[PDB]
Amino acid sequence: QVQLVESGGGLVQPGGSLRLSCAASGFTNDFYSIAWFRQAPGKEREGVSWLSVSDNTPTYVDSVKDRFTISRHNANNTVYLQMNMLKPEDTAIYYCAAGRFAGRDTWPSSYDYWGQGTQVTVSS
């Protein structure tokens, strides 16, 4: 009954911002973790940001460290990804993933639940 509803995404110029959301519902407790994956048109599905919900610990890859901000609002049970200073290298389809563990992993096969995925483009 775990359902990941992710929304947001769009087209922005280099240096603009964009916020993705992922409403996680169905979990019986707080012992799970959220990951944001992205997939360039021809490349692979790579993780960029993680959030372990039970201990509220974020993790970012180095290429987005000072630019992305992952967070969770406990009220609506939603995890947000505030993407600022967007670069053309950020153009991809962004997915929301959830795993039954407290931590982070780079492998899509480690996450059992997925959002629908949304397109994020940065113009040249």
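From 1 onward, residues are counted along the sequence shown.
- For the pair 21-29 and 99-107, the record assigns the higher mean C-alpha temperature factor to 21-29.
- Averaged over CA atoms, B-factors in the entry run higher in 74-82 than in the other of 48-56 and 74-82.
- When the modelled residues of the chain are ordered by their C-alpha B factor, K43 lands in the highest third.
- Sort the modelled residues of the chain by CA B factor and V5 lands in the highest third.
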